[PDB]
Structure formats: structure tokens, C-alpha cells
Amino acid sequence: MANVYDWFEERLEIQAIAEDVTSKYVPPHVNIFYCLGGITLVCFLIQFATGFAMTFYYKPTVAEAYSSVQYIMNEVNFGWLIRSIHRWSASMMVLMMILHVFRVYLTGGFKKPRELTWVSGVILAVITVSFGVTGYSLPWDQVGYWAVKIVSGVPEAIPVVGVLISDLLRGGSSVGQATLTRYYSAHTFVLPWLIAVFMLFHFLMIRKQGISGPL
């Protein structure tokens, strides 16, 4: 119909994008272990999808949290599947990220001039682990609750700002409803935006500088 493609081409400049994409090449030293970073991403996208899916039924309240997880597992169509996938992929993301760091280090890909990619990677690792710690306790079962009650007091050791930090994380003097609310905001709002930003930087630098050279 009067060619739709040329229409989109004239104002989006699709051809330029196609030329940029097909101008890149992958050198021989790039082996299968160079997938690990992408697989870590794939795992995260699976988290993004299944996580979002679970926000339609999960309820971050001490009264309703546990039972909302029960409801997802028992009543919701394929709820058991979406949650089980979020669970396994949470662990597979961290695992693949570790293997990713093994590749990067045992290939010297972190050296000049790609050191901000490495630093942003470390930050990405701290964010990912934060995802894990906050999500672990959302069911508000014995395991999750006591995982929080232990770590939430650790920062108190810090001389001056220790008690303030701990109060900020747990939302008060002790673990309770406020703790669940803050952990939920962290898991479903703060950490997704942070990880997006630092993943953006990671990927922009990589695409900018290309892959590190052969060994």
C-alpha cells in the first residue's frame, strides 16, 4: 500500500541501523563462554516477565503475603509455573553471572579501557544479589522471615550510622510490616530501575568498545 516500509524508513532511518548492525563482526577467539553475559540477561528478562506477572496476585502484607503465594500456587492458572520459573531463574541468573565473571576475568576483558564496564558489572552483581535477598522474604514464611531478622541487624555494627542504616532497611526498630513494604518496593520498583540503568551503561560501553581481544 504505497510502500509502508519506505514511509518508516524516511523518518526512522532504518537503513542506517541495518548498516550499523551488519558492520559488526565476531572474532574467532569469541567462544561459547562469551554467551554467559547474554544468558544472564535472558534470565533477567524471564525474571522481569514472571515477576511482573506475580504482582497481579501477590500482596505485600503480613496478613496476605503467605496466602497470596498459596493462591498463586494453587488457584491461579499456571501460577505454579510462573512462580517456579521466577524461582529457578532467580538462581540461574546469579549462577550464570558468576560464570560470566569467570569468563571476563580469565580473559582479561576487564583491563584498560574496559574497566568501567567491570565496575558497573560489580555494581550489577550487588544489585542482583539484592534482588535475591528482598524476594526471598516476600512469601513471609519461616525461611524468608528469619533470613531477614538475621541480616537486618548486621549493619548495627557500624559505629555511628549503623543503627540508622538498619532502621532504614527494616523500616523501624524491628522486623515487621514496614520491613515487608520496603523490601517489596525494593524488589519490584527500586532494584528494577537501578539494574536497568547500570545494565544500560554496561551494554553501551560494550557496544562502544567492542569485545576484548584474543588471548
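The first residue of the shown sequence is 1; numbering continues from there.
Asker: When the C-alpha temperature factors are averaged for each of 148 to 156 and 36 to 44, which stretch ends up with the higher value in the entry?
Answerer: Per the PDB entry, the higher value belongs to 148 to 156.
Asker: Return whichever of 79 to 87 and 102 to 110 has the greater mean Cα B factor according to the PDB record.
Answerer: Looking at the record's C-alpha B-factors, the answer is 102 to 110.
Asker: Looking at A65, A53, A178, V161, which one carries the largest C-alpha B-factor according to the PDB entry?
Answerer: Each of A65, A53, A178, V161 was compared by C-alpha B-factor; the highest is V161.
Asker: Just grab whichever of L191, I14, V197, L204 has the top CA B-factor as deposited.
Answerer: Highest C-alpha B-factor among the listed options: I14.
Asker: Could you place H187 in the lowest, middle or highest third of its chain by Cα temperature factor, using the values in the record?
Answerer: Lowest third.
Asker: Using the B-factors in the PDB entry, rank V30's C-alpha atom against the chain and give the third, lowest, middle or highest.
Answerer: Highest third, going by the recorded CA B-factors of the chain.
Asker: If you rank the chain by CA B-factor, which third does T61 end up in: lowest, middle or highest?
Answerer: It belongs to the lowest third of the chain when residues are ordered by C-alpha B-factor.
Asker: Taking the chain's C-alpha temperature factors as the reference, tell me which third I165 falls into: lowest, middle or highest.
Answerer: As the PDB entry reports it, the C-alpha B-factor of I165 lands in the highest third of its chain.
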